>>> print(open('coords20.cif').read())   # mmCIF, C-alpha atoms
data_target
loop_
_atom_site.label_atom_id
_atom_site.label_comp_id
_atom_site.auth_asym_id
_atom_site.auth_seq_id
_atom_site.Cartn_x
_atom_site.Cartn_y
_atom_site.Cartn_z
CA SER A 1 -4.74 -7.78 54.94
CA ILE A 2 -6.76 -9.52 57.65
CA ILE A 3 -7.02 -13.31 57.51
CA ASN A 4 -10.27 -14.98 56.48
CA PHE A 5 -11.66 -16.34 59.73
CA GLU A 6 -12.73 -19.92 60.35
CA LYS A 7 -15.92 -20.58 62.34
CA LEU A 8 -15.55 -21.35 66.06
CA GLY A 9 -18.25 -23.97 65.51
CA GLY A 10 -18.51 -25.08 69.15
CA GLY A 11 -21.56 -26.67 70.77
CA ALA A 12 -21.60 -27.12 74.56
CA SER A 13 -20.17 -25.56 77.75
CA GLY A 14 -21.65 -26.52 81.10
CA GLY A 15 -22.31 -23.10 82.60
CA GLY A 16 -19.32 -23.52 84.88
CA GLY A 17 -18.58 -19.80 84.82
CA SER A 18 -14.76 -19.78 84.72
CA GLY A 19 -13.72 -16.91 82.45
CA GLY A 20 -14.44 -17.39 78.77
CA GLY A 21 -17.87 -15.97 77.97
CA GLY A 22 -21.28 -14.83 79.16
CA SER A 23 -21.76 -11.53 80.99
CA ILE A 24 -19.03 -10.35 83.51
CA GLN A 25 -19.18 -6.56 83.02
CA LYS A 26 -16.40 -4.01 83.44
CA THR A 27 -17.17 -0.56 84.87
CA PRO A 28 -16.21 2.47 82.78
CA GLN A 29 -13.46 4.86 83.91
CA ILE A 30 -14.10 8.50 83.01
CA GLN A 31 -12.01 11.63 82.56
CA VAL A 32 -13.43 15.09 81.76
CA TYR A 33 -10.98 17.71 80.51
CA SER A 34 -10.44 20.52 78.00
CA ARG A 35 -8.39 20.05 74.84
CA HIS A 36 -6.67 23.37 75.50
CA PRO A 37 -5.84 25.28 78.68
CA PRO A 38 -9.10 26.82 79.92
CA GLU A 39 -9.27 30.58 79.55
CA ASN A 40 -12.56 32.28 80.34
CA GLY A 41 -14.25 33.66 77.27
CA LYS A 42 -12.16 31.65 74.79
CA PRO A 43 -13.72 28.84 72.68
CA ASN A 44 -12.28 25.44 73.47
CA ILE A 45 -13.24 21.78 73.34
CA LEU A 46 -14.37 19.70 76.30
CA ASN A 47 -13.64 15.95 76.27
CA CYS A 48 -15.20 12.99 78.03
CA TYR A 49 -12.83 10.05 77.67
CA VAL A 50 -14.47 6.76 78.57
CA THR A 51 -12.44 3.61 78.96
CA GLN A 52 -12.27 0.11 80.39
CA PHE A 53 -15.92 -0.86 79.87
CA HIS A 54 -17.68 -4.06 78.75
CA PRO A 55 -20.21 -4.71 77.17
CA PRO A 56 -19.64 -2.14 74.37
CA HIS A 57 -23.15 -0.62 74.52
CA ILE A 58 -22.92 2.67 76.39
CA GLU A 59 -24.72 6.04 76.62
CA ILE A 60 -22.80 9.28 77.01
CA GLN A 61 -24.14 12.77 77.61
CA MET A 62 -22.37 15.97 78.52
CA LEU A 63 -24.08 18.54 80.73
CA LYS A 64 -23.79 22.30 81.21
CA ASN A 65 -25.14 23.48 84.58
CA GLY A 66 -27.19 20.29 84.81
CA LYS A 67 -28.69 20.63 81.32
CA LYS A 68 -27.85 18.21 78.53
CA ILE A 69 -25.67 19.70 75.80
CA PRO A 70 -27.41 18.89 72.49
CA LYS A 71 -24.35 18.85 70.23
CA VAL A 72 -21.91 16.18 71.42
CA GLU A 73 -19.66 14.42 68.94
CA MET A 74 -18.56 10.82 69.39
CA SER A 75 -15.35 9.25 68.15
CA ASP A 76 -15.50 5.76 66.69
CA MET A 77 -15.27 3.02 69.30
CA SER A 78 -12.18 0.82 69.81
CA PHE A 79 -11.05 -1.81 72.33
CA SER A 80 -7.79 -2.52 74.18
CA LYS A 81 -5.61 -5.57 74.52
CA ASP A 82 -7.56 -6.46 77.69
CA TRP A 83 -10.73 -6.50 75.54
CA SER A 84 -12.26 -3.46 77.26
CA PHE A 85 -13.69 -0.70 75.03
CA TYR A 86 -12.91 3.00 74.89
CA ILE A 87 -14.35 6.05 73.19
CA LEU A 88 -14.02 9.83 73.21
CA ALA A 89 -16.96 12.19 73.40
CA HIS A 90 -16.39 15.89 72.99
CA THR A 91 -18.15 19.19 72.49
CA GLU A 92 -17.27 22.77 71.70
CA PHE A 93 -17.59 25.13 74.65
CA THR A 94 -16.47 28.47 76.01
CA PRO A 95 -15.64 28.19 79.69
CA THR A 96 -16.51 30.90 82.17
CA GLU A 97 -15.65 31.25 85.81
CA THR A 98 -18.92 29.79 87.13
CA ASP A 99 -20.46 27.39 84.57
CA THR A 100 -20.11 23.77 85.63
CA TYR A 101 -19.67 21.00 83.10
CA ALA A 102 -20.06 17.29 83.48
CA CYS A 103 -20.19 14.07 81.60
CA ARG A 104 -22.85 11.49 82.43
CA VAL A 105 -22.41 7.85 81.52
CA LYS A 106 -25.00 5.07 81.52
CA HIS A 107 -23.69 1.49 81.32
CA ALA A 108 -25.02 -1.96 82.29
CA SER A 109 -22.19 -2.39 84.81
CA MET A 110 -23.62 0.32 87.07
CA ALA A 111 -27.09 0.46 88.69
CA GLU A 112 -27.35 4.16 87.96
CA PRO A 113 -25.68 6.64 85.60
CA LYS A 114 -22.32 7.96 86.75
CA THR A 115 -21.89 11.73 86.55
CA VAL A 116 -18.35 13.13 86.57
CA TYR A 117 -17.80 16.85 86.86
CA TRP A 118 -15.12 18.76 85.08
CA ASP A 119 -12.68 20.29 87.52
CA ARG A 120 -10.42 23.00 86.07
CA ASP A 121 -8.38 23.07 89.28
CA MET A 122 -7.22 19.45 88.85
CA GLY A 143 12.50 -0.79 66.13
CA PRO A 144 9.95 -3.58 65.66
CA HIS A 145 6.64 -3.10 63.88
CA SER A 146 3.29 -4.79 64.05
CA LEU A 147 0.24 -5.36 61.87
CA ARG A 148 -2.80 -6.22 64.00
CA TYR A 149 -6.48 -6.53 63.43
CA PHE A 150 -9.04 -5.94 66.17
CA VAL A 151 -12.38 -7.51 65.42
CA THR A 152 -15.75 -6.99 67.06
CA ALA A 153 -19.01 -8.87 66.40
CA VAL A 154 -21.90 -7.73 68.62
CA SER A 155 -25.38 -9.27 68.49
CA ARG A 156 -28.25 -6.81 69.02
CA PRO A 157 -31.59 -8.51 69.64
CA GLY A 158 -34.33 -5.99 68.92
CA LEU A 159 -31.99 -3.52 67.24
CA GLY A 160 -31.26 -5.29 63.97
CA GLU A 161 -28.40 -7.41 62.62
CA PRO A 162 -25.15 -7.91 64.59
CA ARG A 163 -22.68 -5.07 64.28
CA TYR A 164 -19.41 -6.23 62.74
CA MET A 165 -16.11 -4.34 62.68
CA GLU A 166 -12.53 -4.92 61.63
CA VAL A 167 -9.99 -2.26 62.69
CA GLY A 168 -6.39 -2.57 61.61
CA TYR A 169 -3.30 -1.11 63.23
CA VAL A 170 0.29 -0.78 62.14
CA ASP A 171 2.49 -0.14 65.17
CA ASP A 172 -0.62 0.71 67.21
CA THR A 173 -2.01 3.37 64.89
CA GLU A 174 -5.38 2.70 63.22
CA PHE A 175 -4.90 2.64 59.45
CA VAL A 176 -8.02 0.85 58.11
CA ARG A 177 -11.59 0.28 59.36
CA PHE A 178 -14.65 -1.69 58.28
CA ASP A 179 -17.93 -1.00 60.12
CA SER A 180 -21.12 -2.81 59.09
CA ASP A 181 -23.24 0.03 60.46
CA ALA A 182 -22.68 2.19 57.36
CA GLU A 183 -25.22 1.72 54.53
CA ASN A 184 -22.86 0.37 51.86
CA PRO A 185 -20.21 -0.61 54.48
CA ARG A 186 -16.80 -0.57 52.86
CA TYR A 187 -13.24 -0.86 54.07
CA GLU A 188 -12.11 2.75 54.48
CA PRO A 189 -8.59 4.18 54.89
CA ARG A 190 -7.98 5.67 58.33
CA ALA A 191 -4.48 7.01 57.69
CA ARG A 192 -3.98 9.30 54.67
CA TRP A 193 -0.92 7.36 53.47
CA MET A 194 -3.29 4.46 52.79
CA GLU A 195 -4.96 6.41 50.01
CA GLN A 196 -2.02 5.12 47.95
CA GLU A 197 -3.86 1.81 47.62
CA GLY A 198 -5.97 1.41 44.50
CA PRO A 199 -9.64 0.40 44.15
CA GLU A 200 -8.78 -3.29 43.81
CA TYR A 201 -7.31 -3.40 47.28
CA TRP A 202 -10.39 -1.76 48.81
CA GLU A 203 -12.92 -3.90 46.94
CA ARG A 204 -11.03 -7.06 47.88
CA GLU A 205 -10.75 -6.11 51.55
CA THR A 206 -14.43 -5.09 51.64
CA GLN A 207 -15.59 -8.42 50.19
CA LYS A 208 -13.36 -10.37 52.58
CA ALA A 209 -14.84 -8.31 55.46
CA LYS A 210 -18.37 -9.24 54.40
CA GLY A 211 -17.39 -12.88 54.21
CA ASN A 212 -15.90 -12.69 57.75
CA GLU A 213 -19.04 -10.90 59.00
CA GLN A 214 -21.08 -13.97 58.04
CA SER A 215 -18.85 -16.39 59.96
CA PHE A 216 -19.16 -14.25 63.07
CA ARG A 217 -22.94 -13.97 62.63
CA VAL A 218 -23.05 -17.78 62.71
CA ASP A 219 -20.57 -18.07 65.57
CA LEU A 220 -22.68 -15.76 67.74
CA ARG A 221 -25.70 -18.05 67.29
CA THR A 222 -23.54 -21.10 67.95
CA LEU A 223 -22.16 -19.67 71.16
CA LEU A 224 -25.65 -18.88 72.50
CA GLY A 225 -26.25 -22.60 72.46
CA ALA A 226 -22.78 -23.46 73.73
CA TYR A 227 -23.39 -21.26 76.78
CA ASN A 228 -27.14 -21.86 77.18
CA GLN A 229 -27.94 -18.17 76.84
CA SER A 230 -31.13 -16.31 75.93
CA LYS A 231 -31.83 -15.26 72.34
CA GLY A 232 -32.74 -11.86 73.73
CA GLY A 233 -29.35 -11.03 75.19
CA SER A 234 -26.56 -9.10 73.51
CA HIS A 235 -23.17 -10.84 73.22
CA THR A 236 -19.72 -10.03 71.86
CA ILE A 237 -17.01 -12.00 70.11
CA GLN A 238 -13.66 -10.15 69.79
CA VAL A 239 -10.43 -11.18 68.11
CA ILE A 240 -6.88 -9.83 68.04
CA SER A 241 -5.00 -11.26 65.04
CA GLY A 242 -1.64 -10.29 63.69
CA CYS A 243 2.08 -10.23 63.57
CA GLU A 244 4.91 -8.50 65.39
CA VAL A 245 8.09 -8.15 63.32
CA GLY A 246 11.75 -7.40 64.13
CA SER A 247 13.88 -4.61 62.61
CA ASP A 248 15.32 -7.23 60.27
CA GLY A 249 11.80 -7.91 58.99
CA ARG A 250 11.53 -11.35 60.61
CA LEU A 251 8.51 -12.51 62.62
CA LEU A 252 8.95 -12.18 66.38
CA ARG A 253 5.42 -13.10 67.41
CA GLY A 254 2.14 -14.18 65.85
CA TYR A 255 -1.27 -13.61 67.48
CA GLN A 256 -4.71 -15.14 67.05
CA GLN A 257 -6.71 -14.66 70.22
CA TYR A 258 -10.46 -14.73 70.83
CA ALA A 259 -12.74 -13.47 73.60
CA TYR A 260 -16.47 -13.98 74.20
CA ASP A 261 -18.26 -11.28 76.20
CA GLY A 262 -14.95 -9.81 77.31
CA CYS A 263 -13.31 -13.00 78.56
CA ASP A 264 -10.53 -15.05 76.93
CA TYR A 265 -12.01 -17.86 74.88
CA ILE A 266 -9.19 -19.41 72.83
CA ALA A 267 -5.71 -18.39 71.61
CA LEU A 268 -2.87 -19.69 69.43
CA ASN A 269 0.22 -20.38 71.56
CA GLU A 270 3.61 -18.83 70.80
CA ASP A 271 4.65 -22.05 69.06
CA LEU A 272 2.02 -21.35 66.38
CA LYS A 273 1.06 -25.03 66.56
CA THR A 274 -1.08 -25.50 69.65
CA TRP A 275 -4.09 -23.77 71.27
CA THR A 276 -5.04 -22.75 74.80
CA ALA A 277 -8.78 -22.91 75.47
CA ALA A 278 -10.16 -20.94 78.43
CA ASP A 279 -13.38 -22.87 79.19
CA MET A 280 -15.40 -25.93 78.16
CA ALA A 281 -17.06 -24.34 75.16
CA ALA A 282 -13.62 -23.34 73.81
CA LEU A 283 -12.48 -26.96 74.16
CA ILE A 284 -14.97 -27.92 71.47
CA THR A 285 -13.40 -25.26 69.20
CA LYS A 286 -9.85 -26.39 70.07
CA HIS A 287 -10.62 -29.94 69.00
CA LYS A 288 -12.34 -28.83 65.78
CA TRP A 289 -9.38 -26.60 64.86
CA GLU A 290 -6.84 -29.28 65.76
CA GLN A 291 -8.65 -31.80 63.57
CA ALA A 292 -8.88 -29.32 60.70
CA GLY A 293 -5.31 -28.09 60.99
CA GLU A 294 -6.36 -24.51 61.72
CA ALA A 295 -3.02 -23.77 63.46
CA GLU A 296 -1.13 -24.79 60.36
CA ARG A 297 -3.25 -22.39 58.25
CA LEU A 298 -2.59 -19.54 60.70
CA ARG A 299 1.13 -20.18 61.00
CA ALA A 300 1.35 -19.83 57.23
CA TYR A 301 -0.58 -16.54 57.24
CA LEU A 302 1.37 -15.14 60.19
CA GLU A 303 4.85 -16.07 58.92
CA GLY A 304 4.23 -15.01 55.33
CA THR A 305 1.11 -13.16 54.27
CA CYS A 306 0.93 -11.00 57.42
CA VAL A 307 4.58 -9.95 57.30
CA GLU A 308 4.45 -9.29 53.56
CA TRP A 309 1.47 -7.06 54.04
CA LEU A 310 3.13 -5.21 56.92
CA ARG A 311 6.13 -4.32 54.71
CA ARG A 312 3.77 -3.21 51.97
CA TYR A 313 1.99 -0.86 54.43
CA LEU A 314 5.20 0.40 56.01
CA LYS A 315 6.26 1.40 52.48
CA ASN A 316 3.33 3.83 52.43
CA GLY A 317 3.52 4.98 56.07
CA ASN A 318 6.75 4.18 57.93
CA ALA A 319 7.74 7.87 57.76
CA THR A 320 4.43 8.89 59.25
CA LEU A 321 4.60 6.19 61.90
CA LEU A 322 8.04 7.47 63.06
CA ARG A 323 6.96 11.08 63.51
CA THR A 324 7.02 12.47 67.05
CA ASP A 325 5.67 15.60 68.72
CA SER A 326 7.51 16.60 71.87
CA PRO A 327 5.53 17.34 75.00
CA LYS A 328 5.23 20.96 76.10
CA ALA A 329 5.46 20.88 79.88
CA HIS A 330 4.87 23.15 82.84
CA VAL A 331 4.08 22.97 86.53
CA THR A 332 0.96 24.40 88.14
CA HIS A 333 0.52 25.34 91.82
CA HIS A 334 -2.58 24.50 93.91
CA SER A 335 -3.62 25.07 97.51
CA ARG A 336 -4.33 22.19 99.86
CA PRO A 337 -5.68 22.02 103.46
CA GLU A 338 -3.29 23.62 106.01
CA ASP A 339 0.46 23.82 105.32
CA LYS A 340 0.35 21.92 102.03
CA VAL A 341 0.27 22.53 98.27
CA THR A 342 -0.12 20.44 95.19
CA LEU A 343 2.40 20.61 92.41
CA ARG A 344 1.02 19.29 89.15
CA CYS A 345 3.34 18.55 86.25
CA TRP A 346 1.71 18.77 82.83
CA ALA A 347 2.81 17.15 79.54
CA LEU A 348 0.79 18.44 76.57
CA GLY A 349 0.57 18.01 72.80
CA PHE A 350 2.81 14.96 72.57
CA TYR A 351 2.86 11.99 70.19
CA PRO A 352 3.05 9.09 70.32
CA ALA A 353 1.21 8.38 73.61
CA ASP A 354 4.00 6.59 75.47
CA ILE A 355 5.44 8.95 78.11
CA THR A 356 6.69 8.94 81.68
CA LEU A 357 6.23 11.68 84.25
CA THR A 358 8.06 11.56 87.58
CA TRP A 359 8.48 13.77 90.62
CA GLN A 360 11.78 13.74 92.49
CA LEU A 361 12.64 14.94 95.96
CA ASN A 362 16.38 15.59 96.04
CA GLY A 363 17.32 12.86 93.56
CA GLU A 364 14.83 10.20 94.58
CA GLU A 365 11.78 9.40 92.45
CA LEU A 366 8.60 9.73 94.49
CA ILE A 367 5.89 7.09 94.85
CA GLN A 368 3.68 7.53 97.92
CA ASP A 369 2.48 11.15 97.72
CA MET A 370 1.98 11.14 93.94
CA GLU A 371 -1.07 11.09 91.68
CA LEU A 372 -1.24 10.35 87.95
CA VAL A 373 -4.00 10.30 85.36
CA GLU A 374 -4.00 7.82 82.51
CA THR A 375 -2.56 9.26 79.31
CA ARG A 376 -5.49 10.64 77.34
CA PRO A 377 -6.24 11.95 73.79
CA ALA A 378 -6.54 15.72 73.36
CA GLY A 379 -8.78 14.98 70.41
CA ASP A 380 -6.49 16.45 67.75
CA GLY A 381 -4.16 13.50 67.42
CA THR A 382 -1.95 14.43 70.37
CA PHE A 383 -1.94 13.29 73.98
CA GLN A 384 -1.93 14.69 77.53
CA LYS A 385 -0.90 13.50 80.99
CA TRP A 386 -0.17 14.96 84.38
CA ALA A 387 1.46 13.96 87.64
CA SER A 388 1.08 15.69 90.97
CA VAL A 389 2.68 15.50 94.44
CA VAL A 390 1.49 17.02 97.72
CA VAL A 391 4.33 18.94 99.38
CA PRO A 392 4.84 21.39 102.29
CA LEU A 393 4.13 25.07 101.75
CA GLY A 394 7.55 26.65 101.35
CA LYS A 395 9.24 23.47 100.07
CA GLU A 396 8.23 23.71 96.42
CA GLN A 397 11.78 24.37 95.28
CA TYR A 398 12.90 21.00 96.69
CA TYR A 399 11.01 19.08 94.00
CA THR A 400 11.54 18.57 90.29
CA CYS A 401 9.35 17.00 87.65
CA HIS A 402 10.95 14.91 84.95
CA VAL A 403 9.40 14.24 81.55
CA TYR A 404 10.66 11.38 79.38
CA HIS A 405 9.48 11.12 75.82
CA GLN A 406 10.94 9.77 72.63
CA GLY A 407 10.35 13.08 70.90
CA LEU A 408 12.71 14.99 73.18
CA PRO A 409 16.47 15.38 72.53
CA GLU A 410 16.77 14.69 76.27
CA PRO A 411 14.46 14.40 79.31
CA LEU A 412 12.89 17.63 80.54
CA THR A 413 13.44 18.65 84.16
CA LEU A 414 11.27 21.39 85.57
CA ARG A 415 10.34 23.09 88.81
CA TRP A 416 7.52 25.26 90.10
CA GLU A 417 8.38 28.78 88.96
CA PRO A 418 6.46 31.53 90.80
#
>>> encode(input="coords20.cif", output="structure tokens")
Amino acid sequence: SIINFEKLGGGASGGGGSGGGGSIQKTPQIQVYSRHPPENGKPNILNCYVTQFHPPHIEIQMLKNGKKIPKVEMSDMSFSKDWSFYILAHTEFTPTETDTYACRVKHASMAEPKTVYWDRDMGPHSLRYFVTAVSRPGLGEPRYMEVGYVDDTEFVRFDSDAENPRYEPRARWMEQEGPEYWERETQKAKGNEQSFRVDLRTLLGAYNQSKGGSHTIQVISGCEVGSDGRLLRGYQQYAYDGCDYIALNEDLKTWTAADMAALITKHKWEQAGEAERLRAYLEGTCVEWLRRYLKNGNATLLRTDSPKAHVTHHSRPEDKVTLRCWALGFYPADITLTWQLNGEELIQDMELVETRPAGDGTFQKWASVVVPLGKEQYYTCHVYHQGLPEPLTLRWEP
């Protein structure tokens, strides 16, 4: 259960521009790839994974031979520990030898839309809440969201942009909770929404910003627990427009403010004993709720799907060749791919893509090395994943 938030209630910054709020946009990173191995004439799914951007407003289109594809589904949006947002767009398609596909992204961080073409060739536990409050001048009320994670898997979500916005389960094992739980969480979410609505107005003043601009307040709140069930770390950190604003220190007693506006909040919270209130929630309430949830889904959280791996062979200019090592259909996302030349792990001639969602709950990743034509048998790829009885070692097999 997420804590009931206390207003930031600040009042003045100084427009210094250090790193705590106001606009300082992050450019999106984009990957375009098929869920399944592309085979001409066989239906598949094409993905456009967009990450690392800020602000959260973004426009994504997928194109077929330069023409917009009308039916493109969008996953719900989320954000990372570095505050940047991510989202997955995808569409059904049936690849052919000559049709080109692309994903086009429009975002305030870039002067023009970025088009990226698809190239076939190439223990402990935690209960954390990720909160987003985004003002939208000229587009209605601020959008408010609370997304909860147990061990990094989304299990609950509240999004004010529904019509009768309610807390909804996001993991099937949560359906074990009765109507009282949902009603209570929903009402608490609506109460929290109001505090953030106010805080957004307050921060406009604190940073001397226009009433016509869009702004974001984000929060990461929660507890990390040991195998013995004891608290290892508590978290209560805030960001304004993608930059650290204020955070509770590891001692759960003091705060670290990032700029002048946050100093006003630090002093308010110190005077009101906010840290004390949070320490109580983090050490008790939060942990108690984590156990409760783990009761329903620990088994699910421990499941693993081993990667299926193989090596593909690609031509390069002159005496060269690219060996690409693929890891597919694995879960969870954590994985390590390495290339070795006679015992030594390679660094310099290698290329990796960020681990990405296949769209069906599993993940994908690949690592490549450029090597001399004729020397393919001197290299081996190694795949390390918790789902495997032991690391996989593979080589290019003609």
>>> closest_residue(input="coords20.cif", among="A:208, A:104, A:311, A:221", to="residue 186 in chain A", atoms="only C-alpha atoms")
A:208
>>> atom_distance(input="coords20.cif", atom1="CA of residue 92 in chain A", atom2="CA of residue 108 in chain A")
28.0 Å
>>> closest_residue(input="coords20.cif", among="A:387, A:223, A:370, A:154", to="residue 10 in chain A", atoms="all atoms listed in the file")
A:223
>>> resolve_selection(input="coords20.cif", expression="the PyMOL selection byres ((chain A and resi 46) around 8)", output="PyMOL selection string")
chain A and resi 32-35+44-45+47-48+90-93
>>> resolve_selection(input="coords20.cif", expression="the PyMOL selection byres ((chain A and resi 252) around 12)", output="ChimeraX atom specification")
/A:143-147,242-251,253-255,270-272,302-303,307
>>> write_last_selection(input="coords20.cif", atoms="C-alpha atoms", output="CSV table (one decimal), in the coordinates of the input")
chain,number,residue,atom,x,y,z
A,143,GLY,CA,12.5,-0.8,66.1
A,144,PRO,CA,10.0,-3.6,65.7
A,145,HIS,CA,6.6,-3.1,63.9
A,146,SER,CA,3.3,-4.8,64.0
A,147,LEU,CA,0.2,-5.4,61.9
A,242,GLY,CA,-1.6,-10.3,63.7
A,243,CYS,CA,2.1,-10.2,63.6
A,244,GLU,CA,4.9,-8.5,65.4
A,245,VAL,CA,8.1,-8.2,63.3
A,246,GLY,CA,11.8,-7.4,64.1
A,247,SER,CA,13.9,-4.6,62.6
A,248,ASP,CA,15.3,-7.2,60.3
A,249,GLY,CA,11.8,-7.9,59.0
A,250,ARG,CA,11.5,-11.4,60.6
A,251,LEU,CA,8.5,-12.5,62.6
A,253,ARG,CA,5.4,-13.1,67.4
A,254,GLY,CA,2.1,-14.2,65.8
A,255,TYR,CA,-1.3,-13.6,67.5
A,270,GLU,CA,3.6,-18.8,70.8
A,271,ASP,CA,4.6,-22.0,69.1
A,272,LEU,CA,2.0,-21.4,66.4
A,302,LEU,CA,1.4,-15.1,60.2
A,303,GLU,CA,4.8,-16.1,58.9
A,307,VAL,CA,4.6,-10.0,57.3
>>> axis_aligned_box(input="coords20.cif", around="range 197-203 of chain A", padding_each_side="8 Å", output="lines of an AutoDock Vina configuration file")
center_x = -8.4
center_y = -1.0
center_z = 46.3
size_x = 25.1
size_y = 21.7
size_z = 21.0
>>> decode(input="coords20.cif", residues="range 49-66 of chain A", atoms="N, CA, C and O atoms", output="mmCIF file, in the first residue's frame")
data_model
loop_
_atom_site.group_PDB
_atom_site.id
_atom_site.type_symbol
_atom_site.label_atom_id
_atom_site.label_comp_id
_atom_site.auth_asym_id
_atom_site.auth_seq_id
_atom_site.Cartn_x
_atom_site.Cartn_y
_atom_site.Cartn_z
ATOM 1 N N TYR A 49 10.517 0.285 -29.413
ATOM 2 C CA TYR A 49 10.773 0.481 -27.987
ATOM 3 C C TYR A 49 11.432 1.820 -27.800
ATOM 4 O O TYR A 49 12.540 2.041 -28.293
ATOM 5 N N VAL A 50 10.754 2.706 -27.077
ATOM 6 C CA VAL A 50 11.257 4.057 -26.852
ATOM 7 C C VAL A 50 11.548 4.301 -25.396
ATOM 8 O O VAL A 50 10.676 4.188 -24.531
ATOM 9 N N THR A 51 12.791 4.687 -25.139
ATOM 10 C CA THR A 51 13.281 4.879 -23.788
ATOM 11 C C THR A 51 14.039 6.180 -23.568
ATOM 12 O O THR A 51 14.271 6.963 -24.495
ATOM 13 N N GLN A 52 14.426 6.372 -22.314
ATOM 14 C CA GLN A 52 15.215 7.513 -21.877
ATOM 15 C C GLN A 52 14.741 8.924 -22.195
ATOM 16 O O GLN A 52 15.569 9.835 -22.235
ATOM 17 N N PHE A 53 13.441 9.143 -22.373
ATOM 18 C CA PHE A 53 12.992 10.505 -22.693
ATOM 19 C C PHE A 53 12.340 11.282 -21.544
ATOM 20 O O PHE A 53 11.878 10.711 -20.558
ATOM 21 N N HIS A 54 12.348 12.602 -21.671
ATOM 22 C CA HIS A 54 11.741 13.497 -20.687
ATOM 23 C C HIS A 54 11.633 14.832 -21.404
ATOM 24 O O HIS A 54 12.615 15.282 -21.992
ATOM 25 N N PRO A 55 10.463 15.503 -21.344
ATOM 26 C CA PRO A 55 9.193 15.195 -20.671
ATOM 27 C C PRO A 55 8.491 13.935 -21.190
ATOM 28 O O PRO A 55 8.855 13.405 -22.235
ATOM 29 N N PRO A 56 7.458 13.465 -20.472
ATOM 30 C CA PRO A 56 6.725 12.257 -20.875
ATOM 31 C C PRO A 56 5.862 12.359 -22.144
ATOM 32 O O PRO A 56 5.588 11.337 -22.797
ATOM 33 N N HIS A 57 5.442 13.568 -22.519
ATOM 34 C CA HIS A 57 4.656 13.698 -23.750
ATOM 35 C C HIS A 57 5.502 13.291 -24.953
ATOM 36 O O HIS A 57 6.616 13.803 -25.161
ATOM 37 N N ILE A 58 4.953 12.399 -25.770
ATOM 38 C CA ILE A 58 5.673 11.917 -26.930
ATOM 39 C C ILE A 58 4.697 11.395 -28.000
ATOM 40 O O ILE A 58 3.599 10.947 -27.677
ATOM 41 N N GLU A 59 5.097 11.458 -29.265
ATOM 42 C CA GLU A 59 4.240 10.981 -30.361
ATOM 43 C C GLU A 59 4.964 9.901 -31.144
ATOM 44 O O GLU A 59 6.076 10.111 -31.622
ATOM 45 N N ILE A 60 4.339 8.735 -31.266
ATOM 46 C CA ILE A 60 4.980 7.630 -31.961
ATOM 47 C C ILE A 60 4.135 7.070 -33.101
ATOM 48 O O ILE A 60 2.966 6.739 -32.926
ATOM 49 N N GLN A 61 4.747 6.953 -34.269
ATOM 50 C CA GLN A 61 4.072 6.404 -35.425
ATOM 51 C C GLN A 61 4.981 5.361 -36.025
ATOM 52 O O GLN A 61 6.193 5.439 -35.900
ATOM 53 N N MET A 62 4.386 4.378 -36.671
ATOM 54 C CA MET A 62 5.162 3.340 -37.317
ATOM 55 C C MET A 62 4.775 3.460 -38.770
ATOM 56 O O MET A 62 3.605 3.699 -39.081
ATOM 57 N N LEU A 63 5.757 3.307 -39.654
ATOM 58 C CA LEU A 63 5.552 3.461 -41.092
ATOM 59 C C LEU A 63 5.891 2.219 -41.924
ATOM 60 O O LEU A 63 6.819 1.468 -41.603
ATOM 61 N N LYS A 64 5.133 2.012 -42.996
ATOM 62 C CA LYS A 64 5.379 0.907 -43.912
ATOM 63 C C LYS A 64 5.609 1.573 -45.267
ATOM 64 O O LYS A 64 4.708 2.227 -45.795
ATOM 65 N N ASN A 65 6.818 1.428 -45.807
ATOM 66 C CA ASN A 65 7.179 2.053 -47.075
ATOM 67 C C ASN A 65 6.817 3.545 -47.079
ATOM 68 O O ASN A 65 6.268 4.063 -48.046
ATOM 69 N N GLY A 66 7.144 4.226 -45.986
ATOM 70 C CA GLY A 66 6.869 5.645 -45.879
ATOM 71 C C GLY A 66 5.446 6.031 -45.503
ATOM 72 O O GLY A 66 5.191 7.198 -45.235
#
